[PDB]
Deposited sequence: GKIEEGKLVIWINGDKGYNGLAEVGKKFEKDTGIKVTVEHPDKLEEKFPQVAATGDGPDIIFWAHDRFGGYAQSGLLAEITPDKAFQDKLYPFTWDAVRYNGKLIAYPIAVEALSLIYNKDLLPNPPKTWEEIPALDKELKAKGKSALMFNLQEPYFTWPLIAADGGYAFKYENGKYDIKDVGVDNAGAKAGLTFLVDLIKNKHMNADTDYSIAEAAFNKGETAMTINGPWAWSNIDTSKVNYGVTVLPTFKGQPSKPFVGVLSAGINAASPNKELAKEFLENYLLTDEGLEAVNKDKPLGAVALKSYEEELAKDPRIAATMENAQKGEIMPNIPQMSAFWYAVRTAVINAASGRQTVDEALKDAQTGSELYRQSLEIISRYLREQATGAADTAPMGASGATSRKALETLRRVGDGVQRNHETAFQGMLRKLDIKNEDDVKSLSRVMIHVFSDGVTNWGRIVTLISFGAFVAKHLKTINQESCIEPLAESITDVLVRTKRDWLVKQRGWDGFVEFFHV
C-alpha cells in the first residue's frame, strides 16, 4: 500500500487539541520507539475521503461520528474490534454513535454539543429567548457592543435555531430516511429569524468562526455560540464568561445536532493493530483524555471513569443540558450531502442570494437526492431483471418517486431497444460476473460522468445499462448483486451530478422534461 508501515499518522481537525494529542503520541513513541505524527489538514473531512479512496492518507482519522457512515459505506474504514472489557469502559450510547450496518467503525471519544456562551460583565443575565435578542442588541449597540456573533459559514451553528420550531434532517421517531424536514414551516421560521437578524443589522452574513471568536474574546460581542473546544481560547482572553442553555425560539428549545468525536482506522492502513493499541491503551484513558482536554476541552468524554470527574464542571453540565435538548446526528452515508445542502442554503439566505423559501427548497432536494434516486433506480433495476413490479408503497415523496419511475419505464424502453447492441458489447468488455466485479464499476462510471454537458438523456442511458446489467445478473444466478449495483449507480449519479440535479429540482425535473 501507499501508507507507511511501522508508524502512525493521525489526522484531527484544526479546532481540536492536536498539541495535546501529539503529547499522547509522544508517550506512545517513548514506550515503543514507533513514531506518531499528528496533522490537522485544512478541509479535513473532504481531504480524508479523497486520499483514502486511493488507499492513501492517515492511519487514524478523527471527526464527529456523522461522516463515518459515508466513509464506511465507501470502504475507507476498518471494522474495529474492542474486546468486551474495553467496550464496557465507554458509555453504550457513544458506541451506538459509531455503529454502522451493525458493525463498529470507530472509537467514540467525546460528546460535543453547542452551548450559549456569554460575557458576564456585559450580560449578567443572558436572554432566555432568541426573540429578545434584537432589543438586547439595540441596548448594547448604544455602548459600542453587539449582542451576538457566531459562525455563519457552517450550518452546524445555525441548525439549533432551524430545528427549534420543527425543522429536521431525517425523521427520527424511535428513522424514516425518506422523511426530510429541511424545508418545512419550522425550518423556514428559524432561518427567517436569522435572516431578519442580518437585515436589521444585528448580525453580519460574512461572520465566520475566526471573526466571531475574536469578537467575543475581545469583549466586543456579549454572546457567541460554540462548543467546548472553544473554551480554552476564552480562558486566555480573560473574558469573564459563562456557558448556558441556548435561547428558545417560539417557546421551544434550540436543538443542536449532537456530535460524537470519534477516531476511525483507515481501511488501507498496515498499522491497524498499532492504531488499536494507541487508541485503546494511550488515548482512551484518564491521562490520555486529560492531555487532550487540557489543550482544548473535549466536552463530555466517552470514557466513564474520566467523565465522572468532568461532569462536575458547570460548563459540561450546560453542554449536556443542550445535548439532551438536541439530537444525536445520524451517520447515514448521505450526511455529507445533507450538510453541503444546508450550508449553501444558510449562506445563500443570509447573503440575499436566495430567499429563505427557495434556499431551503434546494437544500430539501439535495438532502433527499440519494434516497429518492436509490428508490427509483433500485426499483427499475429489480423489475427489469425479474420482469415484475414491486407493489410496495413508495412512501414519503411517493408522487415524485412513482412518476419518475413511470417516466423511466417509458423512456427507458426506447433507450434499451436502441442501445441493445452497445449494451451487449459493453457488458462483454466489462465482464461483470459477481459482487466483486460490480465493485469495480464505480471508478469506471465516475470517469465517464465527470465530463461533458449533463442532460437527462445521458442519465437515462446509464440507468438503462444498469437494468441491462441487472437482467444479466439475474440470468446467471447473481440476483444478489442487483442492489449493490443500484447503490453504486445511484452513488455515482448524485455525486457527480449533484448541482445539476438540484438545479433541475431533482427527479421532478426529469418527469417534467419527458412529459407527454
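*Asks:* Show which contiguous pieces of the deposited sequence have no C-alpha coordinates, counting from residue 1.
*Replies:* Model skips only 175 to 176 of the deposited chain.
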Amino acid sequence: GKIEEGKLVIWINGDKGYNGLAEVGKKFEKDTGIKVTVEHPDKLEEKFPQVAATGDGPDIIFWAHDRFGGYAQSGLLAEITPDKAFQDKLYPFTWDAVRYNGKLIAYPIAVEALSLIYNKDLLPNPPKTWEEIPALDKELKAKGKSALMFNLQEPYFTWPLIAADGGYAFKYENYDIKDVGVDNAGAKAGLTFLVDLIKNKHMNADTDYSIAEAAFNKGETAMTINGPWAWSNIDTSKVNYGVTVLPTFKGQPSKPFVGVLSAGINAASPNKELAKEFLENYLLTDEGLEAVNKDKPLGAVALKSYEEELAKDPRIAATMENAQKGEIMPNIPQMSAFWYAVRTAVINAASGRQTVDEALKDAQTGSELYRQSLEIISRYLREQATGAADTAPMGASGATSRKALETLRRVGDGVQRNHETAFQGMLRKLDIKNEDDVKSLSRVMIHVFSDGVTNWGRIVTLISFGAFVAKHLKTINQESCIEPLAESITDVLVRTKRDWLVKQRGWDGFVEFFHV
From here on, numbers count along this sequence of modelled residues.
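For the two forms, the rigid core is made up of the largest set of C-alpha atoms that agree within 1.5 Å on superposition.
*Asks:* Fit on the core, then compare CA atoms: does 417 to 425 or 197 to 205 lie farther from this form in 9 other deposited structures of this protein?
*Replies:* Comparing 417 to 425 with 197 to 205, the larger C-alpha deviation in 9 other deposited structures of this protein belongs to 417 to 425.
*Asks:* Hey, after superposing on the core, which one moves around more in 9 other deposited structures of this protein, 81 to 89 or 184 to 192, CA-wise?
*Replies:* It is 81 to 89 that deviates more in 9 other deposited structures of this protein.
*Asks:* What stretch has the higher average Cα B-factor here, 308 to 316 or 382 to 390?
*Replies:* Higher of the two, by average CA B-factor, is 308 to 316.
*Asks:* Quick check: 337 to 345 versus 85 to 93, which has the larger average CA B-factor in the record?
*Replies:* On average, C-alpha B-factors are higher across 85 to 93.
*Asks:* Could you say which of 408, 396, 243, 133 has its CA atom at the highest B factor, as listed in the PDB entry?
*Replies:* In the PDB entry, the greatest C-alpha B-factor among 408, 396, 243, 133 is found at 396.
*Asks:* Which listed residue, 475, 464, 490, 480, has the largest C-alpha temperature factor in the record?
*Replies:* Answer for 475, 464, 490, 480: 480, with the highest C-alpha B-factor.
*Asks:* Per the entry's values, where does residue 137 land by CA temperature factor relative to the rest of its chain, in the lowest, middle or highest third?
*Replies:* Tercile = lowest for this residue's CA B-factor.
*Asks:* Can you tell me which third, lowest, middle or highest, the CA B-factor of residue 233 falls into for its chain?
*Replies:* Tercile = middle for this residue's CA B-factor.
*Asks:* What third of the chain does residue 516 rank in for C-alpha temperature factor, lowest, middle or highest?
*Replies:* For residue 516, the deposited C-alpha B-factor lands in the highest third.
*Asks:* Using only modelled residues of the chain, where does the Cα B factor of residue 69 rank: lowest third, middle third or highest third?
*Replies:* Residue 69: CA B-factor falls in the lowest third of its chain.
*Asks:* Ranking every modelled residue in this chain by its Cα temperature factor as given in the entry, which third contains residue 250?
*Replies:* Middle third - that is where residue 250 ends up once the chain's C-alpha B-factors are sorted.
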